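Letters go in sequence order (proteins before strands), and every chain restarts at 1. Only heavy atoms go into these numbers, but all of them, side chains included; no hydrogens, no water, no symmetry mates.
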Protein chains: 2
Amino acid sequence: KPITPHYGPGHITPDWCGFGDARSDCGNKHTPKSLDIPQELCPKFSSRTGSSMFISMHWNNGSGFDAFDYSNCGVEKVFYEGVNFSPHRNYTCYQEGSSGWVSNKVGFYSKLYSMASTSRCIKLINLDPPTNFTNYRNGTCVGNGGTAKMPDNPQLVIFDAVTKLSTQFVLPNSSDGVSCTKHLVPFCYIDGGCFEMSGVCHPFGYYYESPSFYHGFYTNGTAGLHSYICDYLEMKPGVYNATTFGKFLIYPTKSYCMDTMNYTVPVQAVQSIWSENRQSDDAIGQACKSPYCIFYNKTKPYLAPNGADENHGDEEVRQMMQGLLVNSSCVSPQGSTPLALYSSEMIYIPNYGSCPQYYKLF
Amino acid sequence: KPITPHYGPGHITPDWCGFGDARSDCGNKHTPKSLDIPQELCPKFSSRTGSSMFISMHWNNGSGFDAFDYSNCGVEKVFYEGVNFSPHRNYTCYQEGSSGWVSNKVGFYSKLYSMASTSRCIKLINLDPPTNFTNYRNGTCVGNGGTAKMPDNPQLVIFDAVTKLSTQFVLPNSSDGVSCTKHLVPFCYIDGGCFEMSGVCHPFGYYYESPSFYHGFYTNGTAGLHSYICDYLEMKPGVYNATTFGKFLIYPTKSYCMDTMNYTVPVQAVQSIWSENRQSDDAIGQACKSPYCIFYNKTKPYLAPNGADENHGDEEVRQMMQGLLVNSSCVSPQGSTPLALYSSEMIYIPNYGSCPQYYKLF
Ligand SMILES: *[C@@H]1O[C@H](CO)[C@@H](O)[C@H](O)[C@H]1NC(C)=O
Ligand SMILES: *[C@@H]1O[C@H](CO)[C@@H](O)[C@H](O)[C@H]1NC(C)=O
Ligand SMILES: *[C@@H]1O[C@H](CO)[C@@H](O)[C@H](O)[C@H]1NC(C)=O
Ligand SMILES: *[C@@H]1O[C@H](CO)[C@@H](O)[C@H](O)[C@H]1NC(C)=O
Ligand SMILES: *[C@@H]1O[C@H](CO)[C@@H](O)[C@H](O)[C@H]1NC(C)=O
Ligand SMILES: *[C@@H]1O[C@H](CO)[C@@H](O)[C@H](O)[C@H]1NC(C)=O
Ligand SMILES: *[C@@H]1O[C@H](CO)[C@@H](O)[C@H](O)[C@H]1NC(C)=O
Ligand SMILES: *[C@@H]1O[C@H](CO)[C@@H](O)[C@H](O)[C@H]1NC(C)=O
Ligand SMILES: *[C@@H]1O[C@H](CO)[C@@H](O)[C@H](O)[C@H]1NC(C)=O
Ligand SMILES: *[C@@H]1O[C@H](CO)[C@@H](O)[C@H](O)[C@H]1NC(C)=O
């Protein structure tokens, strides 16, 4: 008899892991009512209430951000986080607005997922401070009346006078047992032409460089609307310079350290949103794209009648996450199956394992 | 009885195409002896003797380059070219050497394959010239005694005096029937610190920019070994500027125009090399990576005892290309199969279609 895939994430061997927020964090005081996964699976997730891998990339604890040192290893990976940076947050640093932050978010998650498919371990690490320097200020946001906290990573600095300056930073090749064969590192900038301070409109730009790497940004057009934009870079371990065009410089203070596995396996991501009385975004659906990521979308709103509150304990995702309880043979966008000859519907890519073939063909 | 995959490329529907060189070019005077594909399949390939998609990206006809206006459409794609730019060519423009060109080649093919998996049609097009400008020279190579021809795409220019200048170029949204929903466009530069001309060491750099795009390069370090390096960019149709830091500017003159299909299908690439008495490279194997490309490597040298000459008519690839004669149900790194329940060996990803499962599991 042909088998019907269980819509939702799955795993074909015990070497699998998850990344999450409150909805997979057994440390939460409302556990198990606040969970969207089975409680027996919490030990498989690296998760913290209030956090997301995007938040933790850019911010330390404070000014409204709950940061977490995410760290896990698995050939197979399930991501269920992202919601803790949605338009609901009402954050802007310059004039990019909420949608500017949805764009940064898509950028981050797109790079994370594609890199994670080539990796087994993923670990947020702190970088050593750069070679010392002088006569500078840290950057601030003008957004939200100056209350918006600019990222701690990368760290922007502004020199007291126009200067020539290159400072050195290091991406390590390991972190307490994990090999960092590559790093996900942010590079952010403020576009919109020259940047006005105390009556002088300065060229804005800087770059990362080494003998085998370059990435930079520069503008000196007429001043217009300014936007804080981030690029997410894959960088090898080693020594780099951050270099100024005169007034501005950034250096990274954190990275996601990843190792490399030789067989690429698509990651899985589940739609991470709020209930309908808050502004969510579709950043996860935009970032989780074939062929590197298998997206399990919600077809209903986030509804938690048996949960801790209206934003924690969704029935649909709960049902989806029942899939992680079985030892499957096949993982696909249609969901998971045990070993079987025939499927009740066509299984498409991206998939992996041993997948049943659509019965009507035979 | 379990089926054995035919090692080599394949197709599951008639909507498939190929891209090639002499070894799939029925216009060649030694046809069919010079072919590595069956002759009945020539009408499925966009191919020219002496060319490659990498050559055609950068050069017009002449100075030793045979350029071709590659153009084809297929949900499924087989690439069999690349060899016509190997270290055998002995080309350098600055001091990057042959390996510098292997690196550019990997860059190009990596971007081409990944983009092509999201596209159906791929077409080399000529761009309109940029908005006019004055008091300039075209760049030249110092390599090979000044005999090395610098790419026609992108076109480097050097201004008579330090200047401020932004010029406009256009990536069109169509090309005679094909929708150009995206473009593969090169951006190349010369690294190694400031660039010495007539006693003055100039900062080297420039950028492409629009309100929704930036990509740039800049150096002003002490002069060292200079290398001509290329980045291969995915760009939306529309209007852009090329902008100088003072002395140098590039603008693109060609792109690969691609449309978009909504279901991503991995492309297939076959190892394109010379016989053992010439220097080949493994750029295709480095660029054709899971999950966007299925690489069929040669396990033997290029040997053509029944071919037109020692570089045309390989037995191994000939056998591989027999796969394209059948209407298969499954395409994989193990090769192609018709519809079947069971396989004699495990089928791995990337694959697509309906694939038999490994018999020993049942
Ligand atoms: C943030 O603070 C909490 C305690 O409130 C702690 O559990 C967590 O580890 C802190 N985050 C980081 C990144 O150190
Ligand atoms: C953000 O603004 C929206 C729209 O005004 C508001 O409804 C929402 O509660 C605000 N978010 C926070 C965290 O206060
Ligand atoms: C800038 O930020 C760093 C990292 O947050 C901090 O330790 C340092 O004290 C700040 N420097 C200045 C000059 O405010
Ligand atoms: C940047 O732009 C300003 C204002 O147009 C101009 O006067 C200045 O020369 C520019 N600076 C550089 C380094 O190009
Ligand atoms: C996911 O689902 C919602 C509505 O159910 C839809 O609006 C959104 O576009 C979907 N996104 C993707 C990428 O499927
Ligand atoms: C190069 O020249 C040949 C004739 O020798 C011609 O077939 C080919 O189309 C030319 N290439 C281009 C790109 O026009
Ligand atoms: C390139 O140089 C190699 C090594 O010296 C030589 O054997 C080969 O024939 C040269 N290539 C060409 C096209 O002449
Ligand atoms: C530079 O190259 C273009 C394109 O090849 C050519 O048409 C033009 O005549 C050249 N300009 C100069 C000043 O040599
Ligand atoms: C570039 O470097 C030279 C030589 O070190 C220096 O004198 C010059 O001021 C620099 N130019 C700019 C625009 O920074
Ligand atoms: C392909 O084959 C050759 C030798 O048969 C080997 O040296 C090369 O590394 C191979 N490359 C890949 C990526 O498999």
### Query
Does any N or O in the side chain of B:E234 come within less than 3.5 Å of the main-chain N or O of B:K182, such that one atom is a donor and the other an acceptor?
no
### Message
Tell me which of these, B:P356, B:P266, B:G224, has more heavy-atom pairs under 4.5 Å with chain A than the rest.
### Response
B:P356
### Message
Using only atom types and a distance under 3.5 Å, with no angle test, would you say the side chain of B:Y94 pairs donor to acceptor with the backbone of B:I229?
### Response
no
### Query
With no hydrogens and no angle check, do the side chains of A:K77 and A:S119 hold a donor and an acceptor under 3.5 Å apart?
no
## Note on the structure
Note: vs chain B, highest number of non-hydrogen pairs under 4.5 angstrom among A:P211, A:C355, A:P350, A:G216 is A:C355
### Query
What part of A:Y207 gets closer than 4.5 Å to chain B, counting heavy atoms only: side chain, backbone, both or neither?
side chain
### Task
Count the heavy-atom pairs under 4.5 Å between each of B:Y352, B:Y342, B:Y263 and chain A, then report the option with the highest count.
B:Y263
### Query
Do any N or O atoms from the side chain of B:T131 and from the backbone of B:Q168 form a donor-acceptor pair under 3.5 angstrom?
yes
### Query
Side chain, backbone, both or neither: which part of B:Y218 has an atom under 4.5 Å from a heavy atom of chain A?
both
### Among A:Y358, A:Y189, A:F245, A:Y292, residue most engaged with chain B (heavy-atom pairs, under 4.5 Å)
A:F245
### Message
Applying ring-ring contact (aromatic ring centres under 6.0 Å, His included), can you list everything that pairs with A:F248, at least two apart in sequence or on another chain?
### Response
A:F195, A:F204
### Query
Between A:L339, A:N220, A:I347, A:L361, which residue shows the highest count of heavy-atom pairs closer than 4.5 Å to chain B?
A:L339
### Query
Are side-chain N/O atoms of B:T264 and A:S290 paired as donor and acceptor at under 3.5 Å?
no
### Task
Check each atom of B:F217 against the heavy atoms of chain A and say whether the ones under 4.5 Å are side chain, backbone, both or neither.
both
### Task
Could you tell me whether A:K1 atom NZ has more than 12 heavy atoms of other residues or ligands within 6.0 Å of it?
no
### Task
Check each atom of B:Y348 against the heavy atoms of chain A and say whether the ones under 4.5 Å are side chain, backbone, both or neither.
both
### Query
So which of B:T243, B:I349, B:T219 has the biggest tally of heavy-atom pairs under 4.5 Å with chain A?
B:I349
